[PDB]
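> Starting off with a structure, shown below.
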Amino acid sequence: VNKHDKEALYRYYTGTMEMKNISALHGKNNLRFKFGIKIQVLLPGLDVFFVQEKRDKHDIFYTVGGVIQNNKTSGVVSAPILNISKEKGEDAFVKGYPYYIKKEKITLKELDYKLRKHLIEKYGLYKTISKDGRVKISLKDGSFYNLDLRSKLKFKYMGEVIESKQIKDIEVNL
């Protein structure tokens with residue numbers, strides 16, 4: 001029901017902070033910890049992917065999903081193939097290259113957010129390119145995830161965790 005246009009999406013997937021050293025402790029399953037910034041995380045279903053959704057009347061910053069327990073961020077490197085495809089329009093291109101992930105396990109939230117942010121900077125998504133696009137993230141077991149670019153990621157998919165090794169290719173269509 002809450003509609004998101006190009007401007008709304010662009011503003012969300014730009015301005016993000018990884019906290020890879022937390023020990024946190026609620027309504028619909030939430031956690032609380034300081035950073036002296038008092039933070040709360042909603043659990044859609046310690047390393048956390050922090051994206052500000054809301055800041056309460058007295059300085060309690062809210063985010064959704066992103067929390068991964070016992071994760072290695074240094075020493076590990078997964079490079080699945082990112083295949084970008086804009087087939088019809090003013091400038092039609094195909095572009096395949098490795099998408100570097102320096103994390104053992106990665107939340108769908110971060111992969112989505114960081115992947116979209118990349119399409120804004122380099123290809124001009126939600127700026128010069130249309131918001132009308134899809135993304136398929138294929139795993140080695142043949143399973144996959146679908147990101148619709150027309151709307152921002154539904155909160156109830158941000159609690160999903162992904163083994164970085166298991167990702168083989170990310171297919172973006174514009």
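Chains: A, B, ... in order of the structure tokens. Residues: from 1 per chain. Ligands: from 1, in order shown.
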Can you check which residues of stretch 3-151 of chain A DSSP gives as helix (DSSP H, G or I) on the backbone and send them as a JSON list (two decimals) with N, CA and C atoms, in the first residue's frame?


[["chain", "number", "residue", "atom", "x", "y", "z"],
["A", 6, "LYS", "N", 10.77, 6.51, -7.97],
["A", 6, "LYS", "CA", 12.22, 6.60, -8.26],
["A", 6, "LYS", "C", 12.93, 7.35, -7.13],
["A", 7, "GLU", "N", 12.44, 8.56, -6.80],
["A", 7, "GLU", "CA", 13.02, 9.48, -5.78],
["A", 7, "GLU", "C", 13.10, 8.76, -4.42],
["A", 8, "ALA", "N", 11.97, 8.21, -3.96],
["A", 8, "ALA", "CA", 11.82, 7.48, -2.68],
["A", 8, "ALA", "C", 12.86, 6.36, -2.59],
["A", 9, "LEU", "N", 12.94, 5.53, -3.63],
["A", 9, "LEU", "CA", 13.87, 4.37, -3.72],
["A", 9, "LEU", "C", 15.32, 4.86, -3.69],
["A", 10, "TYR", "N", 15.67, 5.81, -4.56],
["A", 10, "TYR", "CA", 17.02, 6.43, -4.66],
["A", 10, "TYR", "C", 17.48, 6.91, -3.27],
["A", 11, "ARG", "N", 16.57, 7.54, -2.51],
["A", 11, "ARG", "CA", 16.86, 8.18, -1.20],
["A", 11, "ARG", "C", 17.10, 7.10, -0.13],
["A", 12, "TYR", "N", 16.49, 5.92, -0.28],
["A", 12, "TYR", "CA", 16.59, 4.79, 0.68],
["A", 12, "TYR", "C", 17.90, 4.03, 0.47],
["A", 108, "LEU", "N", 20.08, -11.22, 3.12],
["A", 108, "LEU", "CA", 19.46, -10.80, 1.84],
["A", 108, "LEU", "C", 19.38, -9.27, 1.82],
["A", 109, "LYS", "N", 19.01, -8.66, 2.95],
["A", 109, "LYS", "CA", 18.94, -7.19, 3.15],
["A", 109, "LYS", "C", 20.17, -6.51, 2.53],
["A", 110, "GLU", "N", 21.36, -6.89, 2.99],
["A", 110, "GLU", "CA", 22.66, -6.25, 2.63],
["A", 110, "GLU", "C", 22.96, -6.48, 1.15],
["A", 111, "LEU", "N", 22.89, -7.74, 0.71],
["A", 111, "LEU", "CA", 23.10, -8.14, -0.71],
["A", 111, "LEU", "C", 22.19, -7.28, -1.60],
["A", 112, "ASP", "N", 20.90, -7.20, -1.26],
["A", 112, "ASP", "CA", 19.89, -6.37, -1.98],
["A", 112, "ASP", "C", 20.35, -4.90, -1.96],
["A", 113, "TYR", "N", 20.52, -4.34, -0.76],
["A", 113, "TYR", "CA", 20.83, -2.90, -0.54],
["A", 113, "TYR", "C", 22.12, -2.53, -1.29],
["A", 114, "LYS", "N", 23.19, -3.29, -1.06],
["A", 114, "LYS", "CA", 24.54, -3.05, -1.65],
["A", 114, "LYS", "C", 24.49, -3.24, -3.17],
["A", 115, "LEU", "N", 23.73, -4.23, -3.65],
["A", 115, "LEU", "CA", 23.58, -4.53, -5.10],
["A", 115, "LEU", "C", 22.86, -3.36, -5.78],
["A", 116, "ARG", "N", 21.76, -2.88, -5.18],
["A", 116, "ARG", "CA", 20.96, -1.75, -5.72],
["A", 116, "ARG", "C", 21.82, -0.49, -5.72],
["A", 117, "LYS", "N", 22.44, -0.15, -4.59],
["A", 117, "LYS", "CA", 23.35, 1.02, -4.43],
["A", 117, "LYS", "C", 24.34, 1.06, -5.61],
["A", 118, "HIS", "N", 24.87, -0.10, -5.99],
["A", 118, "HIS", "CA", 25.87, -0.29, -7.08],
["A", 118, "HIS", "C", 25.26, 0.08, -8.44],
["A", 119, "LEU", "N", 23.99, -0.30, -8.67],
["A", 119, "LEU", "CA", 23.25, -0.05, -9.94],
["A", 119, "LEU", "C", 22.90, 1.44, -10.06],
["A", 120, "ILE", "N", 22.85, 2.16, -8.94],
["A", 120, "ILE", "CA", 22.56, 3.63, -8.90],
["A", 120, "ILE", "C", 23.85, 4.37, -9.30],
["A", 121, "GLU", "N", 24.97, 4.04, -8.66],
["A", 121, "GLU", "CA", 26.29, 4.70, -8.85],
["A", 121, "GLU", "C", 26.78, 4.52, -10.29],
["A", 122, "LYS", "N", 26.81, 3.27, -10.79],
["A", 122, "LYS", "CA", 27.55, 2.88, -12.02],
["A", 122, "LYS", "C", 26.65, 2.88, -13.26]]

> If DSSP is run on the backbone, what residues of stretch 77-117 of chain A are strand (DSSP E or B)? A reply as a PyMOL selection string would be ideal.

chain A and resi 78+81-86+93-98+101+105-107

> Find the residue from A:50, A:157, A:64, A:135 that sits nearest to residue A:15; use only C-alpha atoms when measuring.

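Checking each candidate against residue A:15, we get A:50 as the closest.
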
> How many Å lie between atom CA of residue A:129 and atom CA of residue A:161, rounded to one decimal?

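These atoms are spaced 29.3 Å apart.
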
> Which residue is closest to residue A:33? Choose from A:144, A:61, A:155, A:13 and count only C-alpha atoms.

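Distance minimum relative to residue A:33 lands on A:61.
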
> Pick the closest to residue A:21 from A:43, A:48, A:37, A:174: which is it, counting only C-alpha atoms?

A:48

> Please provide the set of residues having any atom within 8 Å of residue A:24, restricted to only C-alpha atoms, with same-chain residues fewer than 2 positions apart removed, written as a list in words.

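Once the nearby chain positions are removed, what remains is residues 22, 31, 32, 33 and 46 of chain A.
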
> Rank A:30, A:70, A:130, A:63 by their smallest atom-to-atom distance to residue A:158, using only C-alpha atoms, and report the top residue only.

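So, comparing all the options, the nearest one is A:63.
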